[PDB]
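Text of the file upload03.txt, holding compact mmCIF, C-alpha atoms and all ligand atoms:
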```txt
# COMPACT_ATOMS: atom_id res chain seq x y z
CA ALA A 3 0.00 0.00 0.00
CA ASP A 4 3.02 2.31 0.44
CA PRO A 5 3.83 4.11 -2.83
CA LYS A 6 7.03 2.68 -4.40
CA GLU A 7 9.97 4.34 -6.08
CA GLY A 8 9.97 3.53 -9.78
CA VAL A 9 6.24 2.77 -9.82
CA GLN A 10 4.15 5.60 -8.26
CA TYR A 11 7.05 8.11 -8.12
CA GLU A 12 10.70 8.71 -8.95
CA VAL A 13 13.44 10.80 -7.33
CA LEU A 14 14.42 13.59 -9.78
CA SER A 15 18.04 13.09 -10.86
CA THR A 16 18.75 16.79 -10.26
CA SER A 17 16.82 17.97 -7.18
CA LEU A 18 14.84 21.21 -7.29
CA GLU A 19 14.38 21.18 -3.48
CA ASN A 20 15.94 24.61 -3.02
CA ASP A 21 14.56 26.36 -6.13
CA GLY A 22 11.34 27.78 -4.58
CA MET A 23 8.51 25.85 -6.26
CA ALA A 24 5.27 25.16 -4.37
CA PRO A 25 5.68 22.11 -2.17
CA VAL A 26 3.20 20.45 -4.55
CA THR A 27 3.55 21.65 -8.14
CA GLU A 28 1.58 20.52 -11.21
CA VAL A 29 3.95 20.62 -14.19
CA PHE A 30 1.82 21.10 -17.35
CA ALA A 31 1.64 22.54 -20.83
CA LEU A 32 -1.19 24.59 -22.21
CA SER A 33 -0.94 22.60 -25.52
CA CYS A 34 -1.65 19.26 -23.77
CA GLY A 35 -5.22 17.87 -23.85
CA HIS A 36 -4.37 15.62 -20.92
CA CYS A 37 -3.38 18.62 -18.79
CA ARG A 38 -6.59 20.32 -19.85
CA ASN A 39 -8.70 17.37 -18.66
CA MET A 40 -6.62 16.99 -15.46
CA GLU A 41 -7.74 20.55 -14.41
CA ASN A 42 -11.10 18.92 -13.72
CA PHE A 43 -9.56 16.52 -11.08
CA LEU A 44 -7.33 19.07 -9.33
CA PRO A 45 -10.00 19.96 -6.71
CA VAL A 46 -10.22 16.35 -5.64
CA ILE A 47 -6.46 15.78 -5.62
CA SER A 48 -5.85 19.01 -3.68
CA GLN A 49 -8.46 18.04 -1.09
CA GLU A 50 -7.22 14.44 -0.46
CA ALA A 51 -3.51 15.52 -0.48
CA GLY A 52 -4.40 18.27 1.99
CA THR A 53 -2.55 21.19 0.41
CA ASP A 54 -2.81 23.65 -2.44
CA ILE A 55 -1.22 22.70 -5.76
CA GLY A 56 1.05 25.21 -7.53
CA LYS A 57 1.70 25.22 -11.28
CA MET A 58 4.82 25.27 -13.50
CA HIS A 59 4.49 25.65 -17.28
CA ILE A 60 7.02 23.44 -19.09
CA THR A 61 8.45 24.15 -22.63
CA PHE A 62 9.48 21.43 -25.13
CA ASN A 63 9.91 23.65 -28.20
CA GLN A 64 9.99 27.32 -29.23
CA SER A 65 6.32 27.33 -30.21
CA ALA A 66 5.56 26.51 -26.61
CA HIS A 67 7.36 29.68 -25.35
CA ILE A 68 4.36 31.63 -26.62
CA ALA A 69 2.00 29.51 -24.48
CA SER A 70 4.32 29.90 -21.52
CA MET A 71 4.31 33.70 -22.01
CA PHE A 72 0.48 33.83 -21.93
CA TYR A 73 0.36 31.58 -18.89
CA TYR A 74 2.87 33.63 -16.79
CA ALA A 75 1.16 36.79 -17.98
CA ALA A 76 -2.04 35.32 -16.35
CA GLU A 77 -0.32 34.03 -13.31
CA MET A 78 1.39 37.31 -12.43
CA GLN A 79 -1.92 39.30 -12.38
CA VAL A 80 -3.83 37.00 -9.97
CA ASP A 81 -3.29 35.71 -6.47
CA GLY A 82 -1.84 32.16 -6.76
CA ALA A 83 -2.19 30.34 -10.07
CA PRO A 84 -5.07 31.21 -12.41
CA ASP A 85 -8.31 29.51 -11.38
CA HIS A 86 -9.87 26.55 -13.20
CA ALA A 87 -12.10 28.82 -15.38
CA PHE A 88 -9.22 31.13 -16.43
CA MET A 89 -7.17 27.96 -17.08
CA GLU A 90 -9.94 26.62 -19.36
CA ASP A 91 -9.90 29.76 -21.52
CA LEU A 92 -6.08 29.51 -21.90
CA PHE A 93 -6.23 25.76 -22.75
CA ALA A 94 -8.97 26.35 -25.23
CA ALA A 95 -6.97 29.14 -26.97
CA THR A 96 -3.83 27.01 -27.19
CA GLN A 97 -5.63 23.93 -28.61
CA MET A 98 -7.74 25.50 -31.30
CA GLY A 99 -6.24 23.02 -33.77
CA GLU A 100 -5.45 22.80 -37.46
CA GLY A 101 -8.21 24.91 -39.19
CA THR A 102 -7.42 27.96 -37.00
CA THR A 103 -5.02 30.78 -37.92
CA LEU A 104 -2.27 32.14 -35.61
CA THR A 105 -4.43 35.33 -35.58
CA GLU A 106 -7.63 33.64 -34.32
CA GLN A 107 -5.55 32.00 -31.58
CA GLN A 108 -4.09 35.36 -30.54
CA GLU A 109 -7.61 36.92 -30.31
CA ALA A 110 -8.72 34.04 -28.05
CA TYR A 111 -5.69 34.51 -25.83
CA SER A 112 -6.30 38.23 -25.66
CA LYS A 113 -10.03 37.76 -24.76
CA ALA A 114 -9.19 35.58 -21.75
CA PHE A 115 -7.46 38.63 -20.16
CA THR A 116 -9.69 41.51 -21.10
CA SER A 117 -12.91 39.65 -20.31
CA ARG A 118 -11.71 39.44 -16.62
CA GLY A 119 -10.39 43.01 -16.41
CA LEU A 120 -6.73 42.09 -16.68
CA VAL A 121 -4.05 43.44 -19.03
CA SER A 122 -3.18 41.45 -22.19
CA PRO A 123 0.63 40.98 -22.51
CA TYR A 124 0.87 42.88 -25.74
CA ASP A 125 -0.38 45.94 -23.72
CA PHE A 126 2.06 45.48 -20.87
CA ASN A 127 4.17 48.43 -19.80
CA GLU A 128 7.88 48.30 -19.14
CA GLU A 129 7.50 47.11 -15.54
CA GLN A 130 5.09 44.30 -16.46
CA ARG A 131 7.38 43.09 -19.28
CA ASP A 132 10.27 42.91 -16.82
CA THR A 133 8.20 40.86 -14.38
CA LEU A 134 7.04 38.53 -17.21
CA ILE A 135 10.58 37.87 -18.58
CA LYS A 136 11.77 36.95 -15.13
CA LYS A 137 8.88 34.46 -14.64
CA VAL A 138 9.25 32.79 -18.08
CA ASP A 139 13.02 32.54 -17.64
CA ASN A 140 12.64 30.93 -14.22
CA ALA A 141 10.17 28.40 -15.63
CA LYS A 142 12.59 27.70 -18.49
CA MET A 143 15.46 27.12 -16.02
CA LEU A 144 13.42 24.90 -13.71
CA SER A 145 12.09 22.91 -16.65
CA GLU A 146 15.43 22.21 -18.17
CA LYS A 147 16.95 21.41 -14.74
CA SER A 148 14.17 18.93 -13.89
CA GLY A 149 14.51 16.91 -17.13
CA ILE A 150 10.75 16.23 -17.05
CA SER A 151 9.39 14.80 -20.33
CA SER A 152 5.83 13.80 -19.49
CA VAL A 153 2.92 16.07 -18.47
CA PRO A 154 0.76 16.50 -16.60
CA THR A 155 2.78 15.47 -13.58
CA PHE A 156 3.24 16.43 -9.95
CA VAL A 157 6.47 17.43 -8.28
CA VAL A 158 6.67 17.23 -4.49
CA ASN A 159 9.12 19.45 -2.63
CA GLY A 160 11.12 19.83 -5.80
CA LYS A 161 12.50 16.34 -5.36
CA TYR A 162 10.01 13.60 -6.27
CA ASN A 163 8.01 13.30 -9.43
CA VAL A 164 4.70 11.44 -9.21
CA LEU A 165 4.26 8.93 -12.03
CA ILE A 166 0.61 9.30 -12.86
CA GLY A 167 0.75 6.12 -15.02
CA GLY A 168 1.38 4.36 -11.69
CA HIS A 169 -2.05 5.25 -10.22
CA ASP A 170 -5.58 4.02 -11.11
CA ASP A 171 -7.36 7.30 -10.12
CA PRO A 172 -6.99 10.80 -8.57
CA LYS A 173 -7.39 9.56 -5.01
CA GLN A 174 -4.31 7.37 -5.45
CA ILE A 175 -2.36 10.34 -6.91
CA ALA A 176 -3.37 12.42 -3.87
CA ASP A 177 -2.31 9.62 -1.52
CA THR A 178 1.14 9.33 -3.11
CA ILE A 179 1.53 13.12 -2.84
CA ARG A 180 0.63 12.98 0.85
CA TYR A 181 3.01 10.10 1.51
CA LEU A 182 5.84 12.05 -0.14
CA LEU A 183 4.97 15.18 1.81
CA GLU A 184 4.88 13.06 5.03
CA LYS A 185 8.57 12.16 4.71
MG MG B 1 -0.09 34.79 -9.11
```
Any chance you could give the structure as structure tokens?
Ligand SMILES: [Mg+2]
Amino acid sequence: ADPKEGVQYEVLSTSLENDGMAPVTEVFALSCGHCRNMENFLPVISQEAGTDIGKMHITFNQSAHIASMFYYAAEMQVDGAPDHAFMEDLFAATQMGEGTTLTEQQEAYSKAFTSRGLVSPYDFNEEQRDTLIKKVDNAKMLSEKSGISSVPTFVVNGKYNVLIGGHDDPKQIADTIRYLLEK
């Protein structure tokens, strides 16, 4: 019944213990349908693990740096990470798919901000741009340092990565998180 190394979690080869991530961090990508659908189970996992869950946006290619820019632009204007409804708008914009232009995508991104009274990144001022660059660059560092390939996933105290393939449901993910926190 104890979670086991190599099955329901692994020890990251390069620890991020001291790099300031939330004790429980969901590593995700706005382009990933799986991460989009996982949003729906985050309330249950957060409740059974008994802690809030932070977010880190990973990047696997250049195209993804645009997604990461929109995400950190959202994150920096709200308390904590963007809520599940703001997250849905950003997922939806990123995954518009093949018959959509880069322009239609950009207007969906932009709407997510303005419709909640926030500033769209194109309209940022000098100060905001400076804050955004620092956030994206930190994400980029932490991503590359972690070596993570597979999202969504959950990192606990910057040192263990939960293997979601090793769990049958969200309760079991939450239980592994708790076990790792309870070391
Ligand atoms: Mg915030």
Report task. Throw together the list of residues within 7 Å of ligand MG 1 (chain B), counting all atoms listed in the file, and drop it here as a list in words. Result -> residues 77, 78, 79, 80, 81, 82, 83 and 84 of chain A
Requested in this report: Work out how far apart atom CA of residue 136 of chain A and atom CA of residue 34 of chain A are and give it in Å to one decimal.
Outcome: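 Distance between the two atoms: 23.8 Å.
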Query raised in the report: Which of these residues is nearest to residue 74 of chain A, using all atoms listed in the file: A:147, A:137, A:180, A:113?
Result: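 That would be A:137, the residue with the smallest distance to residue 74 of chain A.
Atom CA of residue 47 of chain A lies 5.8 Å from atom CA of residue 172 of chain A.
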Do you know which residues are at most 12 Å from residue 59 of chain A counting only C-alpha atoms, after dropping those on the same chain fewer than 5 positions away, and could you put them as a PDB file with C-alpha atoms, in the frame of the given file?
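Writing the result to result.pdb gives the following:
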```pdb
ATOM      1  CA  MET A  23       8.510  25.850  -6.260  1.00  0.00           C
ATOM      2  CA  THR A  27       3.550  21.650  -8.140  1.00  0.00           C
ATOM      3  CA  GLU A  28       1.580  20.520 -11.210  1.00  0.00           C
ATOM      4  CA  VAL A  29       3.950  20.620 -14.190  1.00  0.00           C
ATOM      5  CA  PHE A  30       1.820  21.100 -17.350  1.00  0.00           C
ATOM      6  CA  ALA A  31       1.640  22.540 -20.830  1.00  0.00           C
ATOM      7  CA  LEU A  32      -1.190  24.590 -22.210  1.00  0.00           C
ATOM      8  CA  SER A  33      -0.940  22.600 -25.520  1.00  0.00           C
ATOM      9  CA  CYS A  34      -1.650  19.260 -23.770  1.00  0.00           C
ATOM     10  CA  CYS A  37      -3.380  18.620 -18.790  1.00  0.00           C
ATOM     11  CA  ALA A  66       5.560  26.510 -26.610  1.00  0.00           C
ATOM     12  CA  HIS A  67       7.360  29.680 -25.350  1.00  0.00           C
ATOM     13  CA  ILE A  68       4.360  31.630 -26.620  1.00  0.00           C
ATOM     14  CA  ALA A  69       2.000  29.510 -24.480  1.00  0.00           C
ATOM     15  CA  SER A  70       4.320  29.900 -21.520  1.00  0.00           C
ATOM     16  CA  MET A  71       4.310  33.700 -22.010  1.00  0.00           C
ATOM     17  CA  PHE A  72       0.480  33.830 -21.930  1.00  0.00           C
ATOM     18  CA  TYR A  73       0.360  31.580 -18.890  1.00  0.00           C
ATOM     19  CA  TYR A  74       2.870  33.630 -16.790  1.00  0.00           C
ATOM     20  CA  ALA A  75       1.160  36.790 -17.980  1.00  0.00           C
ATOM     21  CA  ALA A  76      -2.040  35.320 -16.350  1.00  0.00           C
ATOM     22  CA  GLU A  77      -0.320  34.030 -13.310  1.00  0.00           C
ATOM     23  CA  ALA A  83      -2.190  30.340 -10.070  1.00  0.00           C
ATOM     24  CA  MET A  89      -7.170  27.960 -17.080  1.00  0.00           C
ATOM     25  CA  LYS A 137       8.880  34.460 -14.640  1.00  0.00           C
ATOM     26  CA  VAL A 138       9.250  32.790 -18.080  1.00  0.00           C
ATOM     27  CA  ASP A 139      13.020  32.540 -17.640  1.00  0.00           C
ATOM     28  CA  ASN A 140      12.640  30.930 -14.220  1.00  0.00           C
ATOM     29  CA  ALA A 141      10.170  28.400 -15.630  1.00  0.00           C
ATOM     30  CA  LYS A 142      12.590  27.700 -18.490  1.00  0.00           C
ATOM     31  CA  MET A 143      15.460  27.120 -16.020  1.00  0.00           C
ATOM     32  CA  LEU A 144      13.420  24.900 -13.710  1.00  0.00           C
ATOM     33  CA  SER A 145      12.090  22.910 -16.650  1.00  0.00           C
ATOM     34  CA  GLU A 146      15.430  22.210 -18.170  1.00  0.00           C
ATOM     35  CA  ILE A 150      10.750  16.230 -17.050  1.00  0.00           C
ATOM     36  CA  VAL A 153       2.920  16.070 -18.470  1.00  0.00           C
ATOM     37  CA  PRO A 154       0.760  16.500 -16.600  1.00  0.00           C
ATOM     38  CA  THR A 155       2.780  15.470 -13.580  1.00  0.00           C
ATOM     39  CA  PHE A 156       3.240  16.430  -9.950  1.00  0.00           C
TER      40      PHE A 156
END
```
Query - Straight-line distance linking atom CA of residue 22 of chain A with atom CA of residue 55 of chain A, stated in Å to one decimal - result: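 Rounded to one decimal, the two atoms are 13.6 Å apart.
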